[PDB]
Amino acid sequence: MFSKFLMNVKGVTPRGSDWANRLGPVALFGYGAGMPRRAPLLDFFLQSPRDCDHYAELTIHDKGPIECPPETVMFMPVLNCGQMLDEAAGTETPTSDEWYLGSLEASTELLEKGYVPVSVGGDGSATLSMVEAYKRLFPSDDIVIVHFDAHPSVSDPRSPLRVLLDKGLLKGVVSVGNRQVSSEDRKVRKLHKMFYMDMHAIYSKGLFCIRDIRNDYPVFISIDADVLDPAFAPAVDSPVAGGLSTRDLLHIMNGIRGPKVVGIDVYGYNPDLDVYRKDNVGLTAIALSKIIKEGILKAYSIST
């Protein structure tokens, strides 16, 4: 089912010793749980340009060894691991648990090898397995999640974030851009000392006057695409109007401080729900392609 994906992942050479005490490198793979079988996002992202908002450039490599560039050239090595699902191994459509353990292995592999995992696409359950993987290899390390979502997503006890909280696994969590808050959410937001920046807060209180995010701990970044306004990311199953611009998000992302990025999860993208140009290119693919690129930049250039 995923075999082909995990096999080469296991055959990935660990990061070189030349990478002495410096951030990176970044391993990138496609994850498609809860989403239709056609997952263009990973493939779409790779064809997109390399130049970033900040003055640096991505370099994507299908194979190792990932050489460490001089701490000055501003290249950003990224290991393409391809799509987790092999769109050839029959028409088998993996289970929830089948997706979890598949993702769990990839992250456990890439982390032990020293790479910073960036899952792309999916329904956000990758956030769960990727975080549990990290605390498995680094039980001492504390983790804080900056979670971009229009939904606080902690009501359902099965929700990836709520689970992490329930299992006493997080040092803290920041909820950026919520605009659909329920009674259950408020209760959980109370019970768990959760810092949160709802939309009316962000927009009315400053916009530019965003004092960054003070984080002293390794950071996991998870971005539900519906955090963006439906006019920027319409390819979502649960859209809520009054969201972030792509620029809005790009800004807040840059202000995330911390020692290291434990991993990154960009999800919520459904191609059957997108808004397409006349050349059949979707708005949300254009939006999320940018965000993924700058997410990788944060993994390479995060600080405190």
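Numbering starts at 1 and runs along the sequence shown.
**Q** Averaging CA B factors per stretch from the PDB record, which one is higher: 99-107 or 223-231?
**A** It is 99-107.
**Q** Which of the two stretches, 113-121 or 72-80, shows the higher mean Cα temperature factor in the record?
**A** 72-80 has the higher mean C-alpha B-factor.
**Q** Which one, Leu244, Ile264, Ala39, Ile60, has the peak C-alpha temperature factor per the PDB entry?
**A** Of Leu244, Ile264, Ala39, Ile60, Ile60 has the highest C-alpha B-factor.
**Q** Determine which member of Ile213, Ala126, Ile145, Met199 has the highest CA B-factor, using the values in the deposited entry.
**A** Among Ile213, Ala126, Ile145, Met199, the PDB entry lists the largest C-alpha B-factor for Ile213.
**Q** Among the modelled residues of this chain, does the Cα B factor of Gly268 put it in the lowest, middle or highest third?
**A** Tercile = lowest for this residue's CA B-factor.
**Q** Taking the C-alpha B-factors as the PDB entry records them, is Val176 in the lowest, middle or highest third of its chain?
**A** Tercile = lowest for this residue's CA B-factor.
**Q** Going by the recorded CA B-factors, say which third of the chain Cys52 sits in, lowest, middle or highest.
**A** Ranked within chain, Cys52 CA B lands in the middle tercile.
**Q** Going by the entry, which third of its chain does the Cα temperature factor of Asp279 land in?
**A** It falls in the bottom third of the chain.
**Q** Going by the CA temperature factor in the PDB record, which third of the chain does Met194 belong to: lowest, middle or highest?
**A** Ranked within chain, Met194 CA B lands in the highest tercile.
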